[PDB]
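>>> only geometry, no sequence info:
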């Protein structure tokens, strides 16, 4: 049961951390309005992306536009359509979702856990937090102890 | 409630991982006796110490002799008495225990979580697994998101 346990723990870590980022963004919108708030999202994303187990965080608005990313090498993504079904699902239903992907960052295809949590202000979706998290770390550490 | 959640998740990772180590050592004892399974323990501790969040693992026998360490800087600890109250408590109660310490590994005093879990064969304590774990990482992560 160790694999299940460590994977659940990893995913719980990511989702609770991500819930706090969502709360933070909501509160900046509450306090400042959309125009002046959208300018503080980058700093919050950058803070939270300094967690070890997070490969990337993006913030995507109601119209599926990538408003901010934490990975500098992805700066050309800003103002592009996310074109992402899981993001669209999160925006439409107002509910979080997740899936596993395989992604090559330059080391070979790695298992990555994608987590989406929509941001709600006054109960309406304003955007979505998209997180790539390095769940392969858990797989590796299980492999290291032959579990 | 995020600080409590992340601290709890961290401790759950360490304890579930340590339970698998405890199982592994017990099974080597089971199969090979104690005069043929007291030389493979080191390899199991060395595998488990690849966990990036563990600072050290020690295995300590019934008579409180440090049998094995994963820290090369601490080889001289081997064959000495542990002289540790929490280890004594785990051996005598036959249950796990834990406490926080401050330890300076070279970078200043860091918060470290110490976890003990006794090893039981034939329902008797034959020893104890002592773990120092890098819970400081969690505090730092919290401080980086102002939580």
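Thanks, I have it. Numbering: from 1, shown residues only, chains lettered A, B, ... in the order given.
>>> longest helix in chain A, by residue count?
Identified as the longest helix of chain A according to DSSP state H is helix A:2-37.
>>> Mind checking what secondary structure the spatially most central residue of chain A has?
In chain A, the residue lying closest to the centroid (CA atoms, centre = their mean) is residue A:131, at 1.9 Å. What DSSP: H, G, I helix; E, B strand; the rest coil gives for residue A:131 is strand.
>>> Can you give me the distance of it to residue A:35?
Remark: distance between residue A:131 and residue A:35 (CB to CB, to the nearest Å) = 25 Å. C-beta coordinates here come from the backbone N, C-alpha and C atoms, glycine included.
>>> same thing with residue A:77?
From residue A:77 to residue A:35 the distance is 22 Å (CB to CB).
>>> again with residue A:57
Distance of residue A:57 to residue A:35, given as CB to CB: 22 Å.
>>> Same drill for the two, tell me which one is more crowded.
In this view residue A:57 and residue A:35 are compared by other CB atoms under 10 Å in any protein chain shown, and residue A:57 has more residues nearby, 24 against 7.
>>> quick one: that one and chain B, what's the gap?
With the distance defined as CB to the nearest CB, to the nearest Å, residue A:57 ends up 12 Å from chain B.
>>> Contacts only, for that residue.
A:21, A:45, A:48-49, A:69-70, A:129-132 (CB atoms under 8 Å, 6 or more residues apart in numbering or on different chains).
>>> so what strands line up beside the host helix or strand of it?
Per DSSP states H and E: residue A:57 is located in strand A:54-61. Paired strands of strand A:54-61, with direction, are strand A:66-69 (antiparallel), strand A:124-133 (antiparallel) (DSSP bridges).
>>> ok, and what's touching the shortest one?
When contacts are defined by CB under 8 Å, 6+ apart, strand A:66-69 is touched by residues A:38, A:41-42, A:45, A:56-61, A:75, A:77-82, A:127.
>>> Now it: buried residues?
By neighbour count on 16 or more other CB atoms under 10 Å in any protein chain shown, the buried set for strand A:66-69 is A:66-69.
>>> Report the two of the residues you listed separated the most.
A:67 and A:69 (8.7 Å; CB to CB).
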